[PDB]
Amino acid sequence: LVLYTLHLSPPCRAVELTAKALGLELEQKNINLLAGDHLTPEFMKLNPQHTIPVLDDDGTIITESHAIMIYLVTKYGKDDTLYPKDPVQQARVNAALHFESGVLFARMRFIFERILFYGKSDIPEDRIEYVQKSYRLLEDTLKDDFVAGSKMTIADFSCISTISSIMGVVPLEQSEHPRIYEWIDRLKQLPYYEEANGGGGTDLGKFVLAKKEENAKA
Amino acid sequence: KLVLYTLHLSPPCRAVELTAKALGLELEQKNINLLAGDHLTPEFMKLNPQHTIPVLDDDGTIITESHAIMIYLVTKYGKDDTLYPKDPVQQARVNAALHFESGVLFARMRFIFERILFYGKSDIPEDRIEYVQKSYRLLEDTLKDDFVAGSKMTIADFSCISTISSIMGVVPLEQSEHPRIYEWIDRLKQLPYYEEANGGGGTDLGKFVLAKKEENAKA
Ligand SMILES: N[C@@H](CCC(=O)N[C@@H](CS)C(=O)NCC(=O)O)C(=O)O
Ligand SMILES: N[C@@H](CCC(=O)N[C@@H](CS)C(=O)NCC(=O)O)C(=O)O
């Protein structure tokens, strides 16, 4: 299994968490977004949307982190605990997956991408507010121990990959979000959490802040 | 007995309406007027703590979120899997397109529309327009086949067209640069239920956002 990837990228780290949970080894091929590696004609052939992650499973090309996670659990999970087959339980996981793509990740990207790639040095107040609203939505979703119920699923891997990044840029206040902090501690009990995700999320937040300051020059 | 907490102006609600028509299902609609804050009540919060529509009530079981609802309906009621394949590779292509709709097409539409509809804004910033125009290109390049996830129509087409048919009325979609998107829109327009389930509401939402933008300027 080959992952076209960059550790700073949240949906990349979502798939790394999944592969660790599944006991799969991934061969990582680095796509340096900061050098434009994803903008080549060769990469475009892999993904016409020119985004990472992309999985190569023995020549079969699977794009998009959520799709990749679902595919890996379906094909290689010894059971379905990370992505239930039961239709109602599965719908709850799917709903949380799309909440991650549509709300958590999208709002993070609306602050990050312009800093990382287009030379911006500001974070508009409305976009901070949009992120804080996404934190409230998440806190209210965490009625159980994990985002899509009492068992940990790929939806948690998706959500934490983003949360562990954006909170270093838009602070996530513990007194106001106790459930999110208890849930982060559950994920930090995983032996592979820091290698698969924690380090990379912390590093992305710091990088965004460092880039914002550097870009302020000239 | 399928009940949908819904508003016909809402894209993800029309994606589910298109899915129910394709499956031959009847939905009882319970109208949720977002402008009146019907989704922000304590009773609605119990249906969905994210307070979004659509929400499905299937004989007492609550299922949130349009893409989840579509997969659920095809899974449970499809006479075969053509709208959401069981094959893991073809399914992955559909899932990738569905998350493209939520993460890219819908998100960028909402980043223009929400502030006008609900928070009184009267402008559309140029950087937001570009974000949407970039999304059109991403979609155009995705459409190498007749439908967004291959040569067969799936729930990913319903999701994508419910947003595209809305945002094109506000951020114009230039035809000369996007022939594949126009050809695809015409394939969906051949469905006998397309206008009723989706078309009219997409057109109405676009005109409604432009009207409300004007209203907000005038106080
Ligand atoms: N829905 C996608 C989002 C992928 C995504 O946006 N990745 C970013 C990096 S975090 C990217 O590749 N950006 C480069 C580009 O959009 O051109 C997923 O979860 O795989
Ligand atoms: N990923 C969700 C998105 C739902 C969504 O944002 N719906 C809007 C109407 S188009 C809504 O209910 N907005 C009210 C709010 O967020 O408070 C889906 O596809 O169901």
Side-chain angles (χ1 to χ4, degrees), chain A residues 11 44 47-51 54-55 57 60-75 85-88 90-107 109-110 113-114 118 120 124 126-127 129-130 134 136-143 148 158, chain B residues 12 45 48-52 55-56 58 61-76 86-89 91-108 110-111 114-115 119 121 125 127-128 130-131 135 137-144 149 159:
Chain A
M44 199 88 180
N47 188 355
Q49 295 150 30
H50 57 79
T51 64
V54 175
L55 182 73
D57 184 351
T60 295
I61 309 300
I62 307 296
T63 68
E64 209 283 334
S65 68
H66 310 85
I68 293 164
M69 287 185 282
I70 287 173
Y71 172 84
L72 294 174
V73 177
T74 301
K75 196 162 150 75
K85 286 177 207 160
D86 169 76
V88 171
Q90 189 180 288
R92 184 175 182 187
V93 183
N94 290 328
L97 292 165
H98 283 279
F99 171 68
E100 194 277 340
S101 60
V103 179
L104 301 181
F105 180 85
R107 298 172 183 200
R109 183 171 166 150
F110 279 151
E113 170 181 22
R114 56 197 303 279
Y118 299 110
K120 310 295 184 205
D126 73 326
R127 297 187 193 201
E129 176 182 38
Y130 217 33
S134 85
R136 175 63 53 209
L137 291 165
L138 178 58
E139 174 76 10
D140 286 338
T141 300
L142 281 167
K143 43 167 208 87
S158 191
Chain B
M45 295 298 182
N48 189 357
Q50 292 157 25
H51 51 77
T52 55
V55 172
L56 173 78
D58 182 1
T61 308
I62 304 312
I63 308 289
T64 68
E65 204 282 329
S66 71
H67 313 85
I69 289 164
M70 290 184 288
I71 286 164
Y72 171 87
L73 287 181
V74 179
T75 299
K76 179 163 188 204
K86 290 166 199 324
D87 174 69
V89 185
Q91 198 178 282
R93 179 173 187 196
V94 174
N95 286 333
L98 286 165
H99 282 274
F100 173 74
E101 190 277 343
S102 58
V104 180
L105 303 176
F106 180 81
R108 303 177 183 193
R110 177 169 163 149
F111 202 40
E114 179 177 14
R115 65 201 294 280
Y119 298 110
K121 311 304 171 163
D127 63 354
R128 303 190 196 201
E130 167 97 99
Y131 219 30
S135 83
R137 179 60 178 163
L138 293 164
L139 178 61
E140 174 83 8
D141 293 347
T142 304
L143 281 161
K144 58 175 200 71
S159 193

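In the text below, chain A, chain B and the rest are named by the order of the sequence lines, each starting its count at 1.
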Self-check item: chain B contact via A/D126 - which portion, at a heavy-atom distance below 4.5 Å
Solution: side chain
Exercise. List for me each residue that meets salt bridge (charged side-chain N to carboxylate O under 4.0 Å, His left out) alongside B/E114, sequence neighbours excluded, and say none if there are none.
Key: B/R110
Self-check item: Shortest non-hydrogen separation from B/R108 to B/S135 and the atoms involved
Solution: NH1-N, 3.8 Å
Quiz prompt | Interface moiety of A/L137 toward chain B, non-hydrogen atoms closer than 4.5 Å | solution = both
Quiz item: In terms of heavy-atom proximity below 4.5 Å to chain A, should B/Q91 be classed as side chain, backbone, both, or neither?
Solution: side chain
Self-check item: B/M70 side chain reached by B/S159 side chain, heavy atoms, under 4.5 Å
Solution: yes
Exercise. Begin from the C-alpha positions of B/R128 and B/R115 and carry the test side-chain contact (heavy atoms from CB on, under 4.5 Å) through to its verdict.
Key: CA-CA 12 Å; B/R128 303 190 196 201; B/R115 65 201 294 280; 3.4 Å; yes
Self-check item: When A/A67, A/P48, A/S101 are compared by non-hydrogen pairs under 4.5 Å with chain B, the top option
Solution: A/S101
Practice problem: Please determine, by modelled atom types, if B/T52 and B/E65 share a side-chain donor-acceptor pair under 3.5 angstrom. | Solution: no
Quiz prompt | Interchain contact, B/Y72 with chain A, by part (heavy-atom threshold 4.5 Å) | solution = side chain
Practice problem: Pick whichever of B/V104, B/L98, B/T61, B/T75 has the most heavy-atom pairs under 4.5 Å with chain A. | Solution: B/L98
